[PDB]
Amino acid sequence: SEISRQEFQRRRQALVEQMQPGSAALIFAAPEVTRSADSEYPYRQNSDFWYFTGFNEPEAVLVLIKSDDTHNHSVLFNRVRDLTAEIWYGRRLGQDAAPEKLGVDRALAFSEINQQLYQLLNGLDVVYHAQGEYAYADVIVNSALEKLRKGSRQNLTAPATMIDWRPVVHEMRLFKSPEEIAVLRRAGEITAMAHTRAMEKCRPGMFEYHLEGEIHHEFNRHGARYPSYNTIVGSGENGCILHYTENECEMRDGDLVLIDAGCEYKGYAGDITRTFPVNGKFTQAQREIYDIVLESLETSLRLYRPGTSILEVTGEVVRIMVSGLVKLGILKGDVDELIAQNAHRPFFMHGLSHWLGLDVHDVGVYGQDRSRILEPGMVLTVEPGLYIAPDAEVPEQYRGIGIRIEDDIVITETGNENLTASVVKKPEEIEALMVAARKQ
């Protein structure tokens, strides 16, 4: 699945629609990033730029100009085609194929941007710019405006009003279209298949990074070349570290292993977290902590729908965590009192949900304490967890236990759709899965 050319145009129009007459929106592409010396990291396009263009190239600037309520055109600045640069690095689009390929009106050379941009801005009243996003962008836009302020003798005028378009654009990215939901849906299946794979390959003696390998390979097998974020494979005490990415330790029999890994498919992120026994059989202590986290997840999945909020559902989860923690001796006291004093924080110290989209931790306003009312189109993760420090003053059997069980969902008109439910989470199911795999 993917975003059709019709859709990028629709997005560009949706933004233009909100623009004031006599203005221009400048959206810059992401700079190339060094990994070491004359080596660069696999290029990743700025998410906002990509959202409107789907163009995976550096040194590109999309300009949307709006004259009035029905008159608007677009200018794209991108790299000039060049034969030496194309024999070495990859094929470029160039100004000639650009207008047709990217659905833009005019396509100029990036090398000409400083000679061209001020001409495009001259005479307008407003210019939408994400000031501070990129330093190279700030230099360009500022000198275009300084040329305009300084050239009144040449009859040039600079738009006195600058407006950040991020709030507007991010508010748009917050609500997914059916096309996007279809992409994310695939991102979910791919990530789910990867998680199922790790569970089936896991054996005591294997290193944590080995499961990172199996996960990344499965991503690749379905056309998702890169992970949306750095893979977490924390076994034993490592599972207590939220973003444990070193994955350097040998997975031992008896310990649990928490895998937090997601694929990047057509620019969209997949978040899945699954915790399971390295040996395929949960101990009673492990099962006791797991059940509380699983109930938090299952209940939240049941609760999430239009009308509620992340804050509201989180309350139901805190309640479940405290109740369960008291029953095991991890917490001591009256449930309602412990709740009121937020007694779960030393064990569950992060949010229950984040927006999900082009960025794992997607854009979009949450509202104070993430209280915003959920509406159809919003896509989020559902990820309860309990991390009992190795030196926590609680019954020994719970020390060094880290468990998270994260699903990705879409708020539908009546409830929500679970994009990552194709990878098992119930303990009997996880055990059955691992046992079936260990035959062969």
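All residue numbers refer to positions in the sequence shown, first residue = 1.
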| query | finding |
| --- | --- |
| Residue stretch of maximal mean CA temperature factor, 31 to 39 vs 380 to 388 | 31 to 39 |
| Segment of higher mean CA temperature factor, 135 to 143 or 332 to 340 | 332 to 340 |
| Residue with highest C-alpha B-factor in the PDB entry, from 230, 191, 155, 279 | 155 |
| Most elevated Cα B-factor in the entry, residues 358, 211, 174, 83 | 83 |
| Among modelled residues of the same chain, the CA temperature factor third for residue 88 | highest |
| Within-chain third of residue 265 by Cα B-factor, per the entry | lowest |
| Entry-reported Cα temperature factor of residue 15, expressed as the chain third it lands in | lowest |
| Ranked C-alpha temperature factor of residue 295 among modelled chain residues, by third | middle |
| Third assignment of residue 372 from its chain's C-alpha B-factors | highest |
